[PDB]
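next one to model:
(chains A, B, C, D, E, F, G, H and I, ligands or ions: 10)
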Amino acid sequence: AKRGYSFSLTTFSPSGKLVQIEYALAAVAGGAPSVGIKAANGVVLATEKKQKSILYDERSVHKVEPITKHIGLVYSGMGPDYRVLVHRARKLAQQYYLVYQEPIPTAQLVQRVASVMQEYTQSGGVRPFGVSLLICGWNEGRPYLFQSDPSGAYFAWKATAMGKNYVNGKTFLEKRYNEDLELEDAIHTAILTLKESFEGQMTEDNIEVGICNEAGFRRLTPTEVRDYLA
Amino acid sequence: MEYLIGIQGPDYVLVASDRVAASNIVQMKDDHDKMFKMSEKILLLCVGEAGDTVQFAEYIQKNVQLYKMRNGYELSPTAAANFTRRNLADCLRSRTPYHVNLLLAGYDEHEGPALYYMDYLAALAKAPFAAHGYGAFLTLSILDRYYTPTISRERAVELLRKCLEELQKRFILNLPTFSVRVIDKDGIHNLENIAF
Amino acid sequence: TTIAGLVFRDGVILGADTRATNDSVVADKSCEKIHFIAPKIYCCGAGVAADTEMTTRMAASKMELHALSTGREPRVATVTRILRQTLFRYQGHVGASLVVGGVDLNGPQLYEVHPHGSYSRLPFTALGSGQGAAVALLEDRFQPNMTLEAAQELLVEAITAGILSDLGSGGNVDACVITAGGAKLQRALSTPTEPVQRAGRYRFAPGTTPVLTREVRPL
Amino acid sequence: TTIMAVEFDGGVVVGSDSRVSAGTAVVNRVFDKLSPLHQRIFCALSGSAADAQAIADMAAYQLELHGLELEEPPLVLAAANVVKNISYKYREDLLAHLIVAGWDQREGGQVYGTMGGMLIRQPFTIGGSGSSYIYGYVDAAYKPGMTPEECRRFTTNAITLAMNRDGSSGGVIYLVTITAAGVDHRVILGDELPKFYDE
Amino acid sequence: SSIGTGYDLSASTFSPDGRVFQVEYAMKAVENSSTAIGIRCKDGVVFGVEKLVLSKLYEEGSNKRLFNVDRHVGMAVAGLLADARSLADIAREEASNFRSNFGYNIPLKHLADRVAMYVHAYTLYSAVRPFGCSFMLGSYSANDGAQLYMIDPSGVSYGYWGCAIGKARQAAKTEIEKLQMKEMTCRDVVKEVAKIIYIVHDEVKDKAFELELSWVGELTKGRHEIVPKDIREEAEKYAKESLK
Amino acid sequence: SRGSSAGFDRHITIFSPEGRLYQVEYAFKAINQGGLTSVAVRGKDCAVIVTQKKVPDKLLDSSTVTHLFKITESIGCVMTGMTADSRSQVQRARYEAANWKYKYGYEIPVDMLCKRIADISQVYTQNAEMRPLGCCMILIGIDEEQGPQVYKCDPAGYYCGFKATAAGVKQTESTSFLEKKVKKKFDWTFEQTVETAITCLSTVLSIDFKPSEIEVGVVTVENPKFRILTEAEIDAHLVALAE
Amino acid sequence: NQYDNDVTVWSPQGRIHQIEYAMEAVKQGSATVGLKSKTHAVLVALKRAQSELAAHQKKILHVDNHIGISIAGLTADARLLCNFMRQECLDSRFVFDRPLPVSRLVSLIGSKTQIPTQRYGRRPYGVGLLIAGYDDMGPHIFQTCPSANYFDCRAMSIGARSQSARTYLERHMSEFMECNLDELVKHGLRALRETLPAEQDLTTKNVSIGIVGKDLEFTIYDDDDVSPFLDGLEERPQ
Amino acid sequence: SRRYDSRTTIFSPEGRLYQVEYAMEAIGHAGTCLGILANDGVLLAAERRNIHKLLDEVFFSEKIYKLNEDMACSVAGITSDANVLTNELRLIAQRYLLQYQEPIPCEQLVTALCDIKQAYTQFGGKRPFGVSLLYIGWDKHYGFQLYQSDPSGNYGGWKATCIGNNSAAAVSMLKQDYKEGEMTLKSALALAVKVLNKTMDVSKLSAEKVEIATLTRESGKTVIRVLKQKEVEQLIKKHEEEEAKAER
Amino acid sequence: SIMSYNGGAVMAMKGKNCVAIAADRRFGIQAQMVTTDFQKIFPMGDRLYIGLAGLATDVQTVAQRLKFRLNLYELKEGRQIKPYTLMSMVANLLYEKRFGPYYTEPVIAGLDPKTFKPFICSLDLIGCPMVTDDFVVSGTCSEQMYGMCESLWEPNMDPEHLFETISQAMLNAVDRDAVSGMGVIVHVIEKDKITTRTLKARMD
Ligand SMILES: [Cl-]
Ligand SMILES: [Cl-]
Ligand SMILES: [Cl-]
Ligand SMILES: [Cl-]
Ligand SMILES: [Cl-]
Ligand SMILES: [Cl-]
Ligand SMILES: [Cl-]
Ligand SMILES: [K+]
Ligand SMILES: [K+]
Ligand SMILES: [K+]
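Numbers count the residues shown, from 1 in each chain, chains lettered A, B, ... in the order given. Ligands and ions are numbered 1, 2, ... in the order given. Have a look at this structure:
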């Protein structure tokens, strides 16, 4: 028999800073690098999927996940916490569709998912999520890219990077990224930003990449990743 | 079976209610008041089930008074009527519903004189004139006949006179006395009770 | 409402009419009684229209969620069980009689499920007000391993039978064909009745209608 | 519906008919009313179709877990108790009689009747609407220690007669035989069906 | 062996070296209690417990450490007796629930499995403390044969041919290893149980003791019950005279 | 600044200044407190489990001492770590497996069972009231569509599919052994996969053990039923190595 | 100490200090003696006064017609357990129409007293009881503690200086079984007398006696009803 | 259990609440947010803290929220807590509308949320919302209004006020310039740009760095608009041109 | 009948880049009429309207509770609602009371914001959506309204002619219903403007 704690594990310090959120921000900042780019006619999301051993089955688990027909997810930080947010976001997407009979606007999903992240910064007996989410989507004939973080705050991006070397990844994108890209060009600059922080040689198994357009969201097959790696 | 009536003018609302408190076949009271003071310019007249009327009417009365204390100003005749409608409609699909037929009369400083009709089903409708009870079937035609939206207070009491005389002649129930009150710019004024 | 399911060699075919009746009067002459559940699983709904719609959409939503977590093509056997248990919980108060058909790793499957929660698996079935007519045709002209084209024709015939014979059945016949390669939904596959033609023109010269009040808000 | 279960030395025989009917109309002339609770345990379905199928599923679920916890094939008695318990907990809410028959190592082939939420073990049991017309038949046609094949004849015969008498019973006869070796499932088509006095 | 201040106050807190000390301290409570014993014979299981007499004012038979969990199941406890009785009640209800659901006597392995889950549940949270005792479960039937199980504060359960818990669990186990229990009748076993208790008992540290003995085998028709005064006193005389 | 601590981050499952979870990290060290090593290898036609069977005394019933557990007819598992924690996870796994079939009508896939336990293990990682389970579950079984499967779940909540995996005290040395055997592409038969698993545990521990000193559980394409090999069948594979 | 603030915290030695601290509450209360023959069960307790102006505290309490108790420790915890004992005895008579066997009632105390010792935020019962009862098995003397553990005893004494009474009963424990009721109470009084200091002895104001057995239902004598037992006294020797 | 309890809803020896006053410090590090009341309207002016070359600009605003048909608010503090409160503000405004069938009076909506925030400081053992809010609106009782909300759950009606970074410097700057009873919306817009320019960090001031919304009564309808970039550009440059005419 | 208690008639029609919606103005209890100016058509935004026929309380309740959910939608979303989305919102609202339903059958009529496209639909008392390219009717004179609409409606009608058709369809169908009348209110919806008209209907 058990009964949970009813007191907040995230409190205000004398400085006025919620320490556990910034500590959760350290968990994502130390995780594997991820990059997202909004490119006029579509969105691309890419991440480092280096399992650091040849024993692993690279096909079993995925980091780039679909939420619905038109929305995808990538993360930096902890895998287990990310899974919870995926399952919650998939349910929120269906809850919206059952009520309105319309594919959920990306901005509306991120708002609903970020609100779940907010709970774990105030609710009793729980720690915040150690994950920053990268949400892509297509609705009203327009590409969307969003960032959700442990705080529960959300930001809209043209292009951004998170995880290891997120500071060097962003400055790279400031110079490299230009508006009005083609989707196929966006995959290149996504892998290029990922190469800046890699360490090792890139194979189609070492990285994972998903794309979102007017035809919906899908993860690129290992054969498709190999062709861009040249 | 009881009787309510309201007549709205250009700058006033005239309301009247019978003074009979009846049980089975006996008249227990000759001077029972069926009017409830909600605000300085709001009156609620209630009719229906014996115990349900007073309990419901006072509950709304005390909540309109609660609003006055919490804010420093009173509810508008419209906001008051919509509040009473909300409370009755929420009890409609419950285990214990209130079988009350009511008539809300008020004066707003902006909109002016107001008169609201409401079912026991809780359907709200604004009317230039309305009547509750079985006596309405005998009086609504007289109201339809002589009513003009520019009726003076002198003529309004005389029109009420014509309606109450009809209840003495044709209506099978004995309703000899009526409470008569007028709401306007200055508030609620107690007017001479019409006896037969 | 006449709905039918047929199992053939390459897959399954489902049929429905398009008539929705309120009271004993026709409200919709063109409604969709074949419901999306999974890309390769569809369900035919008869009973209370709202119930069939919502129960179906619920299943479809759950099935998508299942597919997402599983990462695999959903099973029709899974859909049937989901439906049963939900419907059983409500003791037949959710008026949904359904024909669910789909293709699996396990092949083509046809199920019928009743509002009380009973299910049965079979090569062919018909549900709804016009089921008698449709079952009659299938019982008469059904052979196992029918070619798709023969199956298409028989199903149409079966549902057509319901349209003409039943008063609560009418409109066009919709068919949905499910094969391992694909699922082709054919709306208005066949239309037995077309009356567009009217002999009189009931038009009114502007001003015929007497207006007391006019108000126009520009935007 | 006509359902029958007969007990022999090696194991048991469970019989059923193929029809479900809604009033005077038949909605399924080919329905298998023989559901397995476990590898060696079967039950025969009667009553409300929805209720019967609902109980069958739960019984199979609980027994599946029961088996794993014991790491042994469930006793038939155990199987019979779960069905009895579900039927009894909701006697007013659920309308079903399930006959549970199977094989276990401890006590061999066994037959249980759970009608009404009671537990009884019998040499053989009949259930359903059709059972009324064969009460006389079974009493005169029963002999102790019938061989598997004799048992099959017995259940087939009884159900055939019930099917012809009963309006709510028809279709083909479904038969299973449970032994230590395995489960034998066979169907008897109308042409194969036994013949008696018809007129 | 122990960590102070922080990592040993709660059972919901792991120590740096991957240990739950609240469970280990609960394991110390049974180590302090007097020795409980039980072994599996050819045709049943016999239990034996040394019961330290705190005061001669207490009745002969008080503080029973041998319990009847079910008509065929017996429990031998060692540790905080308060927890031992609550676990005896939990085990009784579990055996009762099995018969109510499945209609026959609960298999001992499953009973041991079920109660061990309840014990384990008290090792995960800060809201509750682990049980401060260890206990044994024994049964016999014609189908399952003789069986003997033991559960400790962590929630671990294993089968045994011979088992001991308490003060001198090591001094008892080495004496059990000498016996050919796989071939011995349970009538002969009682004699050997009684003598190992007497050898294990410390007469110069602990004041005095009583011997508790239990049956569960073919001679008792599969029912768990107490060893009669006649057979016990024969085994007690056997224990005193072979102590030389 | 690696390994910094502030507050109760060492006692409850909350974040450190670095963004770590020490309580989760200590739970991995609780797996080594069992004092045993488990190895799993996947072939083309099979999936094999092996773990050392230590019996301290003959007073213990040897048949009851096991870390090999059956969750489904098709799915088995090996447990490494705290014995009581391990048995709790097995009971929950059997519950989830049977609960899946009741809701969805088909046999639970090996990957889906592993994810489900990983999600429940995540709850202990986020809520502070309870500790994580100091155990490790390696699942085997054959998917009807994707062939043989070997999966592993963490107290952290991490789950993944593997070609070969080790767990426990001698985990790090046995994973490096398996890497060397993977690079060389052998013909992964039943005998090859069993012996690769056996020789792995026999080299890292260096024993050359008796049939009674180890446990083996297998899943094969022709026979998807999870089976424990017992003494006689393991003895056949042990004398096959010495040939 | 830090292992002594909660019942859910085990000491490194393998102990719970909060149970042991609750056991200290029993020793601080005034002494009470319980003993039995083959036919009767007698409780003798020492009433205590905080001041001479205030009256003496109640020590003996009613439970049922066949069962009675004597308290030692906290008053509210004593009354809480007393009400539970009364309720269990009432439930037994309501359902079975026969008096609840003493053995089973004490087992219900053992089950109830155990619950709060294992839950966080809860505390042990700060009272120890001596239960005297009569049923089918004859007279019974039972002992309960803050720790849920209970004892079946021939004679017992708990409270302040109860060791002196405990030693007296231990010498005369073979005497009790053939004792006459009047002789049995005097043995209980002589044990309670040993607890008091040399200056003071048993008076009519500070002695409470409770008797249950084959002859009569449980009865409490306090003031004027006590003097027949005190009269006929062998003088206080040393 | 109580070992890990931070005791959030507890009193300090001096008679104050720590978590409330610690939350006040979070507001000070957030964006500068000011509100000014005029005769023919009321406006909000706030510093954008989300500024980058790579930000997309999807929403109409960053810190300004529409709550009602006749009401709008601006935010300073933790944005996630702000999103929770603003969503609740939209709910309470709609619950009043559903019941009375007329828009909620400005003061009443502020009162309702402040009771929720106060509840978080007294019971529950939870951290308070680290957000300060500025409400602007129009009701039929008091006309154009401006309100300030504290994490303590305490409120007040202002003619001009500011919360966030350099808040004490901004209010004393307003105290000197604000002309009570003579303030028009055009004068208040000019004052907003003046205060922001001196208060803000990056010095020069930009159309991407500030956010201004106006609330006016037009044709019997309450009109709320978030000012376009081309409008803001003119507001900054009009102050820039007067900065050049200040020397001779 | 429960629907027959208060009565009422609501109708919607479709035309060339425009939609029309009309209702009777009667509020009455069984035997008598109380109000001549009762509202049944409610605006759910500029260029989108809902008409509600049935029990007067539920007509008012649904309208108020839908506005509650509409305003929250229009605040959470940064847009004005699409006609299909409103239909699904009413469908969800009504179905939530599956076994205790509001006794009203709603009619959505409006033009799609941004995309100009006309949209008309009607729903059950338990929220079953019906989308047509011609007309939808709801009320106590369903049969009377169906008989008029089937004979009068044409594929491509200009705002001038659509008003005349939808009026005549409402006028004559109401004159055959004893529980509907006391005036008819018509809304003609265009991109440029919205035209509101009360007609010289029978007052008997
Ligand atoms: Cl708490
Ligand atoms: Cl039609
Ligand atoms: Cl029979
Ligand atoms: Cl039956
Ligand atoms: Cl691991
Ligand atoms: Cl005391
Ligand atoms: Cl509003
Ligand atoms: K469903
Ligand atoms: K036996
Ligand atoms: K200590």
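
list the contacts of stretch B:41-57.
B:2-4, B:6, B:15, B:17, B:34-38, B:60-61, B:64, B:74-75, B:77, B:80, B:84, B:87-88, B:98-108, B:120, B:132-133, B:181, B:183, B:187-188 (Cβ atoms under 8 Å, 6 or more residues apart in numbering or on different chains). Yep, even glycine has a C-beta here, placed from its N, CA and C like the rest.

longest helix of chain F?
For chain F, the helix that runs over the most residues, judged by DSSP state H, is helix F:83-104.

how close does the residue of chain A at minimum distance from chain D get to chain F?
Closest approach between chain A and chain D, counting by Cβ to the nearest Cβ: residue A:1, at 21.6 Å. Counting by Cβ to the nearest Cβ, to the nearest Å, the gap from residue A:1 to chain F is 12 Å.

chain center to stretch F:130-138, what's the gap?
Relative to its parent chain, stretch F:130-138 has a centroid offset of 12 Å by Cα atoms, centre = their mean, to the nearest Å.

who's in contact with the closest residue to residue D:119 other than its chain neighbours?
For residue D:119, ignoring the flanking residues on the chain, the nearest one in space by Cβ to Cβ, 6 or more residues apart in numbering or on different chains is residue D:84 at 4.8 Å. Neighbouring residues of residue D:84 by Cβ under 8 Å, 6+ apart: D:112, D:114, D:117, D:118, D:119.

could you work out the most separated pair of those residues?
Greatest spatial distance among the contacts of residue D:84 (Cβ to Cβ): D:112 and D:117, at 12.4 Å.

higher neighbour count, the two?
Using other Cβ atoms under 10 Å in any protein chain shown, the more surrounded residue of residue D:112 and residue D:117 is residue D:112, with 24 against 16.

for the nearest residue to residue E:149 once chain neighbours are set aside, phi and psi?
Spatially, and ignoring its direct neighbours in sequence, residue E:149 is nearest to residue E:112 (3.9 Å; Cβ to Cβ, 6+ apart). Main-chain torsions, residue E:112, degrees, to the nearest 10: phi -60, psi -40.

name whatever forms a beta bridge with the most centrally placed residue in chain D.
A centroid search over chain D (Cα atoms, centre = their mean) returns residue D:44, at 3.0 Å, as the residue closest to the centre. For residue D:44, the beta-bridge partners are residue D:34, residue D:99 (DSSP bridges).

where does the residue in chain A that ligand 8 sits nearest to fall, phi/psi-wise?
Here chain A gets closest to ligand 8 at one residue, residue A:98, 11.2 Å apart by Cβ to the ion. With angles defined as degrees, to the nearest 10, residue A:98 sits at phi -70, psi -30.

so the closest residue to it other than its chain neighbours is in which element?
Spatial nearest neighbour of residue A:98, excluding adjacent residues (Cβ to Cβ, 6+ apart): residue C:61 at 5.7 Å. According to DSSP states H and E, residue C:61 maps onto helix C:49-70.

who are the packing partners of the helix or strand just after that helix?
Using DSSP H and E, the helix or strand that follows helix C:49-70 in sequence is helix C:76-89. For helix C:76-89, the packing partners by 3 or more Cβ pairs under 8 Å, 6 or more residues apart in numbering or on different chains; DSSP states H and E come out as strand C:34-38, strand C:41-47, helix C:49-70, strand C:96-104, strand C:107-113, strand C:119-121, helix D:49-70, helix F:83-104.

just how off-centre is the second one within its chain?
When C-alpha coordinates are averaged (Cα atoms, centre = their mean), strand C:41-47 and its chain have centres 5 Å apart.

helices of the chain, start to end?
In the absence of a named chain, chain A is used. Applying DSSP H to chain A gives helices spanning A:19-29, A:79-100, A:106-119, A:166-176, A:183-195, A:222-228.

wrong one, chain F
According to DSSP H, the helices that chain F contains are F:22-31, F:83-104, F:110-126, F:171-183, F:190-204, F:230-241.

ok and the residue in chain E nearest ligand 9?
Proximity to ligand 9, evaluated over chain E using Cβ to the ion, is greatest for residue E:222 at 4.0 Å.

tell me the SS of that residue?
Here residue E:222 is coil, with the state taken from DSSP: H, G, I helix; E, B strand; the rest coil.

so which residue of chain G comes closest to ligand 8?
Across chain G, the shortest distance to ligand 8 (Cβ to the ion) belongs to residue G:119, at 41.5 Å.
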